[PDB]
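Undergrad: Chains as they are written, first to last, in our numbering: chain P, 85 to 136; chain Z, 474 to 541; chain D, 21 to 506; chain B, 1428 to 1524; chain U, 2 to 57; chain F, 108 to 172; chain A, 1064 to 1177.
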Amino acid sequence: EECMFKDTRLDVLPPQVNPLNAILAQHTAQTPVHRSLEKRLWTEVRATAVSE
Amino acid sequence: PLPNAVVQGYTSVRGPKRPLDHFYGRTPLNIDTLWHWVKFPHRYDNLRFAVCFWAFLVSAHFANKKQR
Amino acid sequence: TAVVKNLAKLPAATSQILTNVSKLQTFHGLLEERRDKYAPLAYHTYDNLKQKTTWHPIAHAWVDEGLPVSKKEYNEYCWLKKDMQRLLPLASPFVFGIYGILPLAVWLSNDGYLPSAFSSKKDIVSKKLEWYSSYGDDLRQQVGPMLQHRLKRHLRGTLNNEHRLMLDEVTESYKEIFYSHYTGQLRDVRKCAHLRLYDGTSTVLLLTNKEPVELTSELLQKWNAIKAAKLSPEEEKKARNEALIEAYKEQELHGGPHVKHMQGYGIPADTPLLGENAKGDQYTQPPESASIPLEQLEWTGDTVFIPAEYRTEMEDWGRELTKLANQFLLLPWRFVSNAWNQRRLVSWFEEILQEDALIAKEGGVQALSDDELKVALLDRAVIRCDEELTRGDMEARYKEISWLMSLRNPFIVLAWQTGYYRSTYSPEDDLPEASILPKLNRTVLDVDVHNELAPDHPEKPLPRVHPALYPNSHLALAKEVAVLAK
Amino acid sequence: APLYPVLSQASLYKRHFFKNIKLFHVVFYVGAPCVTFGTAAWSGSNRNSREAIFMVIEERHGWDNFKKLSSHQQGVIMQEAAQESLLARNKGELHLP
Amino acid sequence: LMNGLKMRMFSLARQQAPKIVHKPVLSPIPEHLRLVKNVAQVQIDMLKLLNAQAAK
Amino acid sequence: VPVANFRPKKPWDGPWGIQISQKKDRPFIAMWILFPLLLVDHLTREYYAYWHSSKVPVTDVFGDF
Amino acid sequence: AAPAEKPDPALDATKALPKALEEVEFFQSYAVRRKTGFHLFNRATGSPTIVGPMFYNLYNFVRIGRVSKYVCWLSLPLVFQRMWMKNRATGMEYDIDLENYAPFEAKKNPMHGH
Ligand SMILES: CCCCCCCCCCCCCCCC(=O)OC[C@H](COP(=O)(O)O)OC(=O)CCCCCCCCCCCCCCC
Ligand SMILES: CCCCCCCCCCCCO[C@@H]1O[C@H](CO)[C@@H](O[C@H]2O[C@H](CO)[C@@H](O)[C@H](O)[C@H]2O)[C@H](O)[C@H]1O
Ligand SMILES: COCCOCCOCCOc1ccc(C(C)(C)CC(C)(C)C)cc1
Ligand SMILES: COCCOCCOCCOc1ccc(C(C)(C)CC(C)(C)C)cc1
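1) Shortest alpha-carbon distance to residue 1092 of chain A belongs to which of A:1119, A:1148, A:1136, A:1064?
2) Assign residue 1461 of chain B to buried or exposed, taking buried as 16 or more other Cβ atoms, counted over all protein chains shown, within 10 Å of its Cβ.
3) Please go through the same chain and pick out, in chain order, the residues whose beta-carbon is closer than 8 Å to the beta-carbon of residue 277 of chain D, but skip the five residues on each side of it.
4) Would you decide whether residue 80 of chain D is buried or exposed? Buried here means 16 or more other CB atoms lie within 10 Å of its CB.
5) Residue 84 of chain F and residue 1470 of chain B: beta carbons closer than 8 Å?
6) Quick one: Cα of residue 83 of chain D to Cα of residue 346 of chain D, how far?
7) Mark residue 252 of chain D as exposed unless 16 or more other C-beta atoms lie within 10 angstroms of its C-beta, in which case mark it buried.
8) What are the boundary residues of the alpha helix (DSSP H) that includes residue 529 of chain Z?
9) What does residue 255 of chain D pair with, by DSSP beta-bridge criteria?
10) Roughly how many angstroms lie between the CA atoms of residue 75 of chain D and residue 58 of chain D, to the nearest whole one?
11) In chain P, which residues lie with their C-beta within 9 Å of the C-beta of residue 89 of chain D?
12) Going by C-alpha to C-alpha distance, which of P:86, P:99, P:89, P:85 sits closest to residue 483 of chain D?
13) Are the beta-carbon atoms belonging to residue 100 of chain D and residue 54 of chain D less than 8 Å from one another?
14) Under 8 Å, Cβ to Cβ, is there at least one residue of chain A near residue 489 of chain Z?
15) How about residue 1457 of chain B: is its C-beta nearer than 8 Å to some C-beta of chain F?
16) Would you say residue 144 of chain F faces chain B, with C-beta separation under 8 Å as the test?
17) Confirm the yes/no value for this check: CB of residue 474 of chain Z, any heavy atom of ligand 2, distance under 7 Å.
18) Give a yes or no on whether 8 Å exceeds the smallest Cβ distance from residue 1146 of chain A to chain B.
19) Got a sec, what are the start and stop residues for the alpha helix (DSSP H) residue 127 of chain D sits in?
20) Is the region 1478 to 1485 of chain B touching the region 155 to 162 of chain F in the sense that three or more CB pairs, one from each, lie closer than 8 Å?
21) State yes or no: is the C-beta of residue 394 of chain D within less than 8 Å of the C-beta of residue 149 of chain D?
22) Looking at C-alpha atoms only, which residue of D:409, D:230, D:494 is the closest neighbour of residue 10 of chain D?
23) In this structure, does DSSP put residue 228 of chain D in helix, strand or coil?
24) Quick check on residue 280 of chain D: does DSSP put it in helix, strand or coil?
25) Give me the pocket residues for ligand 3, defined as CB within less than 7 Å of any heavy atom, sorted by chain position.
26) Hey, how far is the Cα of residue 87 of chain P from the Cα of residue 485 of chain Z?
27) Please identify the residue among Z:496, Z:482, Z:489, Z:476 whose C-alpha is closest to the C-alpha of residue 89 of chain P.
28) How would you label residue 138 of chain D, buried or exposed, when you count the other beta carbons within 10 angstroms and need 16 or more for buried?
29) CB of residue 1125 of chain A to nearest heavy atom of ligand 2: below 7 Å?
30) By the criterion of Cβ-Cβ separation under 8 Å, what are the contact partners of residue 467 of chain D in chain P?
31) Give me the Cα-Cα distance between residue 1437 of chain B and residue 1444 of chain B, rounded to the nearest whole angstrom.
32) Here's the rule I'm using: 16 or more other beta-carbon atoms within 10 Å means buried, otherwise exposed. How should residue 418 of chain D be labelled?
33) If you measure from the beta carbon of residue 518 of chain Z to each beta carbon in chain B, is any gap under 8 Å?
34) Taking 7 Å as the cut-off, does the CB of residue 1101 of chain A come closer than this to any heavy atom belonging to ligand 4?
35) Assign residue 422 of chain D to one of two classes, buried (16 or more other C-beta atoms within 10 Å of its C-beta) or exposed (fewer than that).
Structure (structure tokens):
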């Protein structure tokens, strides 16, 4: 009843959770493993492309 | 007889009341703070006695003359 | 003053008025000729109390995808319809008498009360922008906040009954949509779509020769595939009916359509047999279509849209909220039932959707000019003329409200729109101080429409993730990238 | 730099006298003169004794003749009438219908 | 407090000006700005290191 | 560049707050003038009919008589 | 239909009687009086009266008033006016002829109507 006569903003703060983790986890769960290993090839070939 | 909301003055949340202003550096001016400016008559009491006497006397004079 | 200034051009205005009427007649002839052969019959429906018609865009707002018309010509059509509405005070002398000229003087005083013919400008875009910046933005900037309050107080209800009416999952989205003028942060449109959680599930029953079947994403996908294959009708109808019987079996396994167990709607069971008509244990009398075998299941071509808007429906809005919704959109509102204002709002909705379609045909938003985009956003009621935004912010705003209007719900549309008309005035001259940061800029990429967003839990809001940070975003955003880089 | 018509301190000091009233400050302060000089005590007694007085007068003496007499004899007859009415010898000394 | 008595003493003096008490106001704006500062410094160190790598 | 969601006041923004306060305390001011007027209207009143009255005060509203 | 609302304590009745008793206790607190100058005529039995020991409270509140304590007594002389006029009227000599011709509020007087 005395909510107006308090300062409870510290008792209720916005969480520091990154929602991106929930997104990337759903991304890996849907993909297979050989595509995960392929991404290491896509990155490596991109490095050699920038090198040449 | 009555619910607690009516007694405490609120259904769910007690709302803050704006406090009363004071006007620092001067006397409060309210219906009950007027004796600071207007005391009972004390300056012309003896003149009141004199004027009451003279009013009674002059009224009696002219009334008696009219009646007679 | 403006009275004599407009009387000076009143002779020169009648010719333009009649020319505009002819243009309107020709365009309406074309549009109705197309509509009378390509558009379905949206039947009239009465409200729950069954005294006045009710209107929804899903059934009544049809979009002629394939209208051979330029966007500017449609703008002319709509603007001249509004001019015909504004020509109504000319009837005052013909119903009141020769003394019915003072209303005509009041009409001629303000230029915002007048049609296009009294304007010195020529291009429809410049004319529309002049009218807006002179009269319409000001008229709209004084209805926005009050409309927002009415929408809020429609959701939360009156007399301290929020614990009985509001939902605890739409709470943070409600706050971000309605109280972001406190924070100064931008809004995500998906948080306005979360307001639809107050409503039920919107369904679509296709009517067959046997029973109604609920439409699903799978059945719709199959029908679109069959439509794209361009097969013969002997094969097209066969595949459609195959998908239809499959969906019928699927919903019969689900436990019937969603509508059977929703308050206010329902499918009757088999009729009962009364008294001696009861033949022992068979207390029912099935319909005629029970004789038809299920393999002959064919779509009747008839559809029933059920929005299930238990809190959002325009009927329960009221005498005042409807009028303010029409005021805020610069539509006619006075001295009419809420049904007529509902139709006016739905017609505005249809106009905006057709304009969106024509814009997408013309090459999107980027093909438009700056004044044309400004005028489009003014028509959508998301910009006020005292802002001076960038082009990217305008494009993002258009994309936002276009997606929001694709959902066919006026309440969330108005909730979104009214947020862009919450401006304050300071009591001091020095404050607000001159800012140090640059003007707000955005892009079409910053708007997340291609992803779903769950409602944030009450008092546990989450930060905003850019679409670019998602995996494979460069592949999903490739269209916008190609449009912007070019 | 206030853009509004800023109100002086003394004007607020004076308006506070008018808006800082409580309910009892009106009720009792206006009820005391009202209850004393009202339809109950003084004004009522006066104005309702006058009716009986002039009824008695017009029945016994007459209003025109009463008007012709002096203020003294007028008051004498008025007092006699007031006594006759207060007594209520015919009502068994009871001011009831 | 006295032997066999307790009392409440009130002064009698006009208050010419209000009495001030330092009640510090909690606000998130300074911490917002400090968080912005820290994140920007992170990105600045990142850019400097990446430039050193790309050029060296 | 200025700060957003801020603008100068306009006629349709209504009066300022101090003006609304001045509107509010007008009944409270007229109270002091009207309660004495109420008491004076009751105290300075005379009845309109007596047992002897051959006439009663009449007030022609529209002067038709 | 089946809303399942929790009990609201504001709808209970557990403060009205305490508040009224608090008001009555504040009233009775002003009845506290010193021993000096105390006198109260008890009944003939020696037991106290009812109104007697609850006059100090009332007059201690009259002390705190501002306008009523100087105005509400001005209707009291009127009581003595009645006390005197009634006795004047109990034995007032009157004319038999006027009483028989114009009796005040007597029944069956056709000039009144009945
Ligand atoms: C034998 C006669 C009776 C006994 C002797 C005389 C009486 C002695 C007692 C003292 C005098 C009593 C006066 C009696 C007058 C009377 O008859 O009272 C009745 C008369 C009306 O009678 P009529 O209408 O019949 O003439 O009213 C007045 O006299 C007017 C008095 C004005 C009082 C105002 C008080 C204001 C107090 C401040 C309050 C402020 C709060 C805000 C409110 C505005
Ligand atoms: C006893 C037999 C059964 C009958 C029971 C009901 C009797 C009702 C009559 C007594 C009414 C008393 O009415 C009393 O009014 C005051 C107004 O000052 C209310 O007072 C309330 O409102 C005010 C403001 O208006 C608030 O600031 C306050 O906190 C709150 O108490 C009381 O809550 C109520 O109790
Ligand atoms: C059994 O009860 C008998 C008491 O009743 C006395 C009737 O009093 C009439 C009104 O009295 C008041 C005066 C002021 C108030 C307050 C102080 C609560 C007024 C307020 C709310 C403005 C502060 C309440 C009642
Ligand atoms: C608004 O509500 C307040 C109304 O309260 C009125 C209460 O009235 C009763 C007060 O009367 C009394 C009764 C008893 C007493 C005293 C006699 C308590 C008893 C004592 C002093 C002998 C202990 C004093 C005053």
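Beta carbons are placed, not taken as given, at the ideal position from N, Cα and C, and that holds for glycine.
TA: Reading off the structure:
1) Numbered from 1 along the seventh sequence, position 29 holds the residue referred to as residue 1092 of chain A. Among A:1119, A:1148, A:1136, A:1064, the Cα nearest to that of residue 1092 of chain A belongs to A:1119.
2) Within the fourth sequence, the letter at position 34 stands for residue 1461 of chain B. Flag for residue 1461 of chain B reads buried.
3) For the purposes of this step, residue 277 of chain D is identified with residue 257 of the third sequence, where counting begins at 1. Annotation for residue 277 of chain D: 223, 225, 232, 233, 234, 271, 287 place their beta carbon closer than 8 Å to its own, counting only its chain and skipping 5 residues before and after.
4) The residue given as residue 80 of chain D occupies position 60 in the third sequence. By the neighbour-count rule (16 or more Cβ atoms within 10 Å), residue 80 of chain D is buried.
5) This structure does not reach residue 84 of chain F, given that chain F is present from 108 up to 172, and the question cannot be answered.
6) Counting from one through the third sequence, the residue named residue 83 of chain D turns up at place 63. Counting from one through the third sequence, the residue named residue 346 of chain D turns up at place 326. Roughly 21 Å separates the two Cα atoms.
7) Residue 252 of chain D sits at position 232 when you count from the first residue of the third sequence. By the neighbour-count rule (16 or more Cβ atoms within 10 Å), residue 252 of chain D is not buried but exposed.
8) Your numbering for residue 529 of chain Z matches position 56 in the second sequence. Its alpha helix (DSSP H) spans residues 518 to 540.
9) Residue mapping note: residue 255 of chain D aligns to position 235 of the third sequence, counting from 1. BP columns for residue 255 of chain D are empty, so no partner.
10) Reading the third sequence from its first residue, position 55 is the one you call residue 75 of chain D. Reading the third sequence from its first residue, position 38 is the one you call residue 58 of chain D. Roughly 21 Å between the two C-alpha positions.
11) For this step, residue 89 of chain D is matched to residue 69 along the third sequence. Chain P residues near residue 89 of chain D: none, gap ~42 Å exceeds 9 Å.
12) Taking the first residue of the third sequence as position 1, residue 483 of chain D is located at position 463. It is P:99.
13) Position 80 of the third sequence, counting from 1, holds the residue named residue 100 of chain D. Position 34 of the third sequence, counting from 1, holds the residue named residue 54 of chain D. It is not a contact, given that the beta carbons lie outside the stated cut-off.
14) Within the second sequence, the letter at position 16 stands for residue 489 of chain Z. Contact with chain A is absent for residue 489 of chain Z, since none of that chain's Cβ atoms lies less than 8 Å from the residue's Cβ.
15) As a working mapping, residue 1457 of chain B is identified with position 30 in the fourth sequence. For residue 1457 of chain B, the answer is yes, since a Cβ of chain F falls inside 8 Å of its Cβ.
16) Your numbering for residue 144 of chain F matches position 37 in the sixth sequence. It does not; no Cβ of chain B falls within 8 Å.
17) Within the second sequence, residue 474 of chain Z is the residue found at index 1, counting from 1. Yes, the Cβ of residue 474 of chain Z comes within 7 Å of a heavy atom of ligand 2.
18) Counting from one through the seventh sequence, the residue named residue 1146 of chain A turns up at place 83. Output row for residue 1146 of chain A: interface = no.
19) Here residue 127 of chain D refers to the residue found at position 107 when the third sequence is read from its first residue. Here the alpha helix (DSSP H) through residue 127 of chain D covers 122 to 129.
20) yes
21) By 1-based counting over the third sequence, the position of residue 394 of chain D is 374. By 1-based counting over the third sequence, the position of residue 149 of chain D is 129. Yes, the Cβ-Cβ distance between residue 394 of chain D and residue 149 of chain D is below 8 Å.
22) An answer regarding residue 10 of chain D cannot be provided, because it is not within the stretch 21 to 506 covered by chain D.
23) On the third sequence, position 208 is the one that residue 228 of chain D refers to. In the structure shown, residue 228 of chain D sits in a strand (DSSP, three-state: E or B).
24) For this step, residue 280 of chain D is matched to residue 260 along the third sequence. Note: residue 280 of chain D maps to helix in three-state DSSP.
25) Residues flagged by the Cβ proximity filter: B:1449, B:1450, B:1451, B:1454.
26) Locating residue 87 of chain P in the first sequence gives position 3, where the first residue counts as 1. Locating residue 485 of chain Z in the second sequence gives position 12, where the first residue counts as 1. If you take the alpha carbons of residue 87 of chain P and residue 485 of chain Z, they lie about 10 Å apart.
27) Locating residue 89 of chain P in the first sequence gives position 5, counting from the first residue. When only C-alpha atoms are compared, the closest one is Z:489.
28) Taking the first residue of the third sequence as 1, we reach residue 138 of chain D at position 118. So residue 138 of chain D counts as buried.
29) Translated into positions along the seventh sequence, residue 1125 of chain A becomes position 62. Result no, Cβ not under 7 Å from ligand 2.
30) One-based indexing of the third sequence puts residue 467 of chain D at position 447. Going along chain P, no residue has its Cβ under 8 Å from residue 467 of chain D, so there is no contact; the nearest lies around 17 Å.
31) By one-based count along the fourth sequence, residue 1437 of chain B stands at place 10. By one-based count along the fourth sequence, residue 1444 of chain B stands at place 17. C-alpha separation (whole angstroms): 11 Å.
32) Here the question's residue 418 of chain D lines up with position 398 in the third sequence. Buried, because 16 or more other Cβ atoms sit within 10 Å of the Cβ of residue 418 of chain D.
33) Taking the second sequence and counting its residues from 1, one reaches residue 518 of chain Z at position 45. No, residue 518 of chain Z lies away from the interface with chain B (no Cβ there is under 8 Å from its Cβ).
34) Position 38 of the seventh sequence, counting from 1, holds the residue named residue 1101 of chain A. No; taking the cut-off as 7 Å, the Cβ of residue 1101 of chain A has no heavy atom of ligand 4 nearer than that.
35) Locating residue 422 of chain D in the third sequence gives position 402, counting from the first residue. Result: buried.
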